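A short worksheet on the structure shown next.
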Amino acid sequence: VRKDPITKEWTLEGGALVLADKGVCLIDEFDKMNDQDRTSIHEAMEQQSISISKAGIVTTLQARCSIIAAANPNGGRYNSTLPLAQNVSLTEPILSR
Amino acid sequence: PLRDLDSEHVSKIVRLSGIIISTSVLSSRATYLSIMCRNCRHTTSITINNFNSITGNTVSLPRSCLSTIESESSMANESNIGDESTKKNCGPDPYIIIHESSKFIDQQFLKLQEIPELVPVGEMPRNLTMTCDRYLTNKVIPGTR
Amino acid sequence: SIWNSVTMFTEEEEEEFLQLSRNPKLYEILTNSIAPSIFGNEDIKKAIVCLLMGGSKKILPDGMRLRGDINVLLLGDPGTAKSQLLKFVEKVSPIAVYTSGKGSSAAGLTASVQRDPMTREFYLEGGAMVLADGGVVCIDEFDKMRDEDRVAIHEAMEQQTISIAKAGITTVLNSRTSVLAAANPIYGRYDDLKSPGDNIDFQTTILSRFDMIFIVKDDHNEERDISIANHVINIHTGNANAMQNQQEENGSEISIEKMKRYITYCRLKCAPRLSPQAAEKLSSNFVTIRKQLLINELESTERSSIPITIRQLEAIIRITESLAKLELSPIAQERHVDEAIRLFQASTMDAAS
Amino acid sequence: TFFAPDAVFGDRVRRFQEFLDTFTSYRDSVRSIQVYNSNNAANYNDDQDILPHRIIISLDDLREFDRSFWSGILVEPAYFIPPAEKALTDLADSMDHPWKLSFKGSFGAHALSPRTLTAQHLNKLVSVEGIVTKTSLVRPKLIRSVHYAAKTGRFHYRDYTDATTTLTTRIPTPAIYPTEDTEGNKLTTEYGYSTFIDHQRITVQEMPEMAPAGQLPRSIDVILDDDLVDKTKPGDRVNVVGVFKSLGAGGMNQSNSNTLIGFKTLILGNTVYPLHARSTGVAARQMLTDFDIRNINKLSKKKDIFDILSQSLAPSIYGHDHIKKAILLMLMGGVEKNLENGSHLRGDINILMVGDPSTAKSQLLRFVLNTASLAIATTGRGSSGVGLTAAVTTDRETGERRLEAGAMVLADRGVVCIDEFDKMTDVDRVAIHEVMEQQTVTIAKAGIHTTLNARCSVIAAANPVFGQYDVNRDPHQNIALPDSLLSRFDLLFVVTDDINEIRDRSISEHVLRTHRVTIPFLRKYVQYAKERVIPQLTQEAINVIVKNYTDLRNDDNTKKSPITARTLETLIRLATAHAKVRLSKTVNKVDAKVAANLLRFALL
Ligand SMILES: Nc1ncnc2c1ncn2[C@@H]1O[C@H](COP(=O)(O)OP(=O)(O)O)[C@@H](O)[C@H]1O
Ligand SMILES: Nc1ncnc2c1ncn2[C@@H]1O[C@H](COP(=O)(O)OP(=O)(O)O)[C@@H](O)[C@H]1O
């Protein structure tokens, strides 16, 4: 929930995962993201429902997206013989989905 | 749907569907209020029924002491001899609400928004303003469809 | 309709509730409706039944009070489909909140207090525990959590009351939740090739604060794999197992919408109690188990990883009121406890090796 | 004649006269107030050469006196309160001024929280409870002027009224603050003879323990009066009984109106009671009948009461007698001796537990949180503003910075129950160093340099460093929060987890039968033990703690660590507290024996 500088009333502004229902979202460069975003990407692949609770609002918006990613290796193009979970700097629960 | 509301739909029965962001504070309108002239010492009463014409208002207090419209003789006599050669006047707007024999009701002022699924892709979602009567207050927790 | 849902109801529902509860096979017909899709793992299938009822609540003078219900971990390898089981507990329970965090998604997990910018006023913001007062909270990734909201979670599983001590307000509120965590190990079965601890980073007192630790394994078997694979193909299309589930509903396995209302009715009406010969039975079991930890403790030249405490006796004593609160009777019987000896004994066989 | 009032007013006055002369305790209460102010006036007019005026009326009696007067008050109170006040001033003038009432109840299904207040309950008598925020400043209001004239030498006089007067309405007449009477003369005003009567308004939010799940709160506001100024600090929990008046003309006066809905509401009067909470506000109002103090005197002279009251705090916990003895010695708290032209010396006792998990260390602190008075629990965090105020004030009327007390200022004369004491960072441990001996909190943030007061008592319960290894390697850092924090604490109870077979039995039947001397007497024992009387130390007890202290240095400096003079001071404190327990006046050798044994078990 944030204000809108054109129209001064408060607006429930859904995220891009809210916005792209029955479509395809496009996310790239995973390695430069916050934990706050990562819990939301983990949320949208977990049970297809974003729930929010700040401030005076308590909903469960539905979100059934389909993510196409675009990764980026660590340093060199393909660091060693080691596998992808060792090669990339990501984590396992975002690789399980 | 909320996107297409022309000015052709002014004052018709039109239903819709959205998401309620946030309510407001319970207010108090009046339905039966009994008045008194502070000079003439007159009494009346006023009932009002339909009370959502927001910046109208629905009614005001009358602006003259209202006793000079009388179908009696001696009432016109004492209202004539309030002064010695000129007629009296409560005026300008003289009345006072007595608060100890009135009755009051409720009014809500919700706020409504379209669903964020369709189709705000380029835009910003747009919004309206509600209003509730007596028994429609305090029924909806903000969040529901 | 929550919060402030409807409690009292009609007359014929009491009749059919008194007609379901008189069958001798109530425990089977409840332990066949929870996993119409999950194959195997019948122990967890039993353990969700004694979790949805809640224990006894004792307010005995003094100001102390005891608790219900028990708490369950489900650590093990992926492919257990434990997450789908948590979605099932989200669908069944009358109130239930599913937070997979770290806080999720734009909602934190504990009772935070945010000042209203207008009016400069304090109010309770929310979280996960406060919204779900009087039920079940399910958590994914319990090991991979932030550790500043952790002390409140290790307080609200014991005395049911979260405390707040910020700058303005100092209130103490209620939270009758029943946590059902589900963590994930590193490297899988090498945990049971190591000591049975050595998963959570910090310490293993967490594993003693819980009640019923479950550990899931995986052993490759050909007819087991063909059974699960052909089972999942039968799950897909054209939901022939759902047609078969309808012919189950014509004979048994009552409903979802009957099950929810049955859980509410059996929860807020009765209040069970035991019999003292079952108490001397449980003393006669627990003392021997603790002596067995004494001899196994003395011979194996080291201290144990998973200790046994008197909280384990308190979990054993709450399981019998869970099962009696299923059977709707006010008193307890002997086999009525011995089944819990078998089940918790299976969790001790889960515990030792 | 004011307006030569009707015979209706005569009917109400006569009937309430008959009720007030029916039950005759209230006449005796009026007699008590009148005699007390009389003899106080005799002291202030005889040697050198206060109480307000309201009677508490309960609504028990009017239900068995008159249904008409009962259901008359709770529906239309602007017709029934000024007659009864008039008759009560008639009785008080006739036996030897406002003389207001109270209406303590028992209210009629008007027990409603300010979530469900508006609006068909309007202009009735309503009882409201909640939190108090954001209490404003106290301002004096003018009623009567007095003017001196020049040069003729006659005083003058004028009255003033408002809309927050007695509960009826009145045709309003404003009146200029006078100057230059007829005939034209300067009127220089005066002070000292012109009266003034105080005025203050507070606002009330609904309870957070009663609130819904998460929603915005909604609040109303209360006007107070003369004898009700400054009862409730902001943060209390307050029952208000009043009249839900609705004053103002709501935009129907002038046309093309803004402020779309008028008719602002408030509550007049009447009887603000502060009530007990779970964590804030004193509960020392507990009654002490003569039967009760006669029973305290009956049990007061035995020889086993320390061993009776030892085993009283454990109805359902096995073992650990010496912890219970330490907790009673904390609740008595010793005595506070302030010197002349120096610094005071500390009175209470501070206790740290440490030991293995599943040892009822967290179950005990809730029990101390219930039986005591002013308990405040802080677990974990913490920062910012437990020991400080954080000074976040944005006062709207003028640029000024106020303070908003944390947890340490607010728990004065009380008990602070901190859990998980190792998880605290050292930056707050600086503030604990400031509290636990200096007994003051100095805040000089932006700001206003102050030195307020806070003299709490602390209980903590920390975990070991790694594992349950409480005896295995050494006592030298199984705890590891060195080192002044170990010295500030008086006692260090070290609790282990020994395995046995008889211990398994004695635990077993206790826990089993628990699933199937009394405390509301015990706190009435406690507060009468606290206010009366302080003891003095005598000659019989010096040499025991002198020989005992030289013993503990010369040998416990060969066994363990550390020993400072603070151990000697805590010996004196436990001696004084055990002297307070037996309701004595002096100090015996018995006290030094008992405190000596407690410090032996505590250290060794
Ligand atoms: N016995 C089973 N019956 C049906 N589905 C199963 C079974 N075992 C695994 N699954 C499948 O496994 C998936 C769940 O993965 P899961 O192990 O819950 O992930 P994680 O536990 O790592 O979050 C589901 O899609 C489910 O279809
Ligand atoms: N001596 C005892 N007698 C009875 N109950 C006990 C005893 N010791 C521990 N308990 C049990 O331990 C539980 C409290 O655990 P506790 O040690 O307070 O928590 P923590 O160690 O995490 O602070 C209580 O439920 C209580 O039943």
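Residue numbers (the UniProt record's numbering), protein chains in the order written: chain A, 580 to 676; chain B, 147 to 291; chain C, 341 to 693; chain D, 13 to 61, 91 to 137, 151 to 570, 651 to 738.
Even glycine gets a Cβ: it sits at the ideal position worked out from N, Cα and C.
heavy atom of ligand 2 below 7 Å from residue i C-beta
i: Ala459 of chain D; result: no
i: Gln665 of chain A; result: no
Given residue i as reference, the closest of the options once Cα atoms are compared
i: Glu263 of chain D; options: D:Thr433, D:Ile185, D:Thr13; result: D:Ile185
i: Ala267 of chain D; options: C:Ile629, C:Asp473, C:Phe349; result: C:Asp473
i: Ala692 of chain C; options: C:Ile646, C:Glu674, C:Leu653, C:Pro670; result: C:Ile646
i: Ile261 of chain B; options: A:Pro652, A:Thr590, A:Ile585; result: A:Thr590
i: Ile648 of chain C; options: D:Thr413, D:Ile321, D:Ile556; result: D:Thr413
i: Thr189 of chain D; options: D:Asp449, D:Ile533, D:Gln417, D:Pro17; result: D:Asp449
i: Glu625 of chain A; options: C:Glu356, C:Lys609, C:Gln617, C:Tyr438; result: C:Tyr438
i: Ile315 of chain D; options: B:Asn195, B:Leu148, B:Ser173, B:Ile242; result: B:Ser173
i: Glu126 of chain D; options: D:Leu738, D:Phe157, D:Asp137, D:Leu115; result: D:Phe157
i: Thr177 of chain B; options: B:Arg187, B:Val160, B:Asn273, B:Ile251; result: B:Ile251
i: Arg455 of chain C; options: D:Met136, D:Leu270, D:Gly238, D:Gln531; result: D:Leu270
i: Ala648 of chain A; options: A:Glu671, A:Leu640, A:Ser632, A:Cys604; result: A:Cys604
i: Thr517 of chain C; options: C:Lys365, C:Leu464, C:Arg407; result: C:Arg407
For residue i, three-class secondary structure by DSSP
i: residue 140 of chain D; result: One cannot assign coordinates to residue 140 of chain D, given that chain D in this structure leaps from 137 to 151.
i: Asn507 of chain D; result: strand
i: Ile45 of chain D; result: helix
i: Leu520 of chain C; result: strand
i: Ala663 of chain D; result: helix
i: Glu562 of chain C; result: helix
i: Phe357 of chain C; result: helix
i: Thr425 of chain D; result: helix
i: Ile277 of chain D; result: strand
i: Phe250 of chain D; result: strand
i: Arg581 of chain A; result: strand
i: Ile486 of chain D; result: helix
i: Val408 of chain D; result: strand
i: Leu666 of chain C; result: helix
i: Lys257 of chain B; result: strand
i: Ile377 of chain D; result: helix
i: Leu533 of chain C; result: coil
Contact check, residue i vs residue j, beta carbons under 8 Å
i: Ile197 of chain D; j: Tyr214 of chain D; result: yes
i: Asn731 of chain D; j: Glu674 of chain D; result: no
i: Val429 of chain C; j: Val477 of chain C; result: no
i: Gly395 of chain C; j: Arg607 of chain C; result: no
i: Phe554 of chain C; j: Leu413 of chain C; result: yes
i: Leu278 of chain D; j: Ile256 of chain D; result: yes
i: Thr501 of chain C; j: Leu520 of chain C; result: no
i: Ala133 of chain D; j: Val192 of chain D; result: no
i: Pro654 of chain D; j: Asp402 of chain C; result: no
i: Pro328 of chain D; j: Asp290 of chain D; result: yes
i: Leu708 of chain D; j: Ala729 of chain D; result: yes
Closer than 8 Å to chain F by CB, residue i
i: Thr201 of chain B; result: Any reference to chain F falls outside this structure, whose protein chains are A, B, C and D.
Residues near ligand 1, criterion Cβ-heavy atom distance below 6 Å | A:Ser675, C:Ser377, C:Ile378, C:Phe379, C:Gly380, C:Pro418, C:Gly419, C:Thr420, C:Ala421, C:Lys422, C:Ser423, C:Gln424, C:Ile568, C:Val572
Closer than 5 Å is what we want: which residues have a beta carbon that near any heavy atom of ligand 2? List them in chain order.
-> D:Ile371, D:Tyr372, D:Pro411, D:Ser412, D:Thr413, D:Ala414, D:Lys415, D:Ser416, D:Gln417
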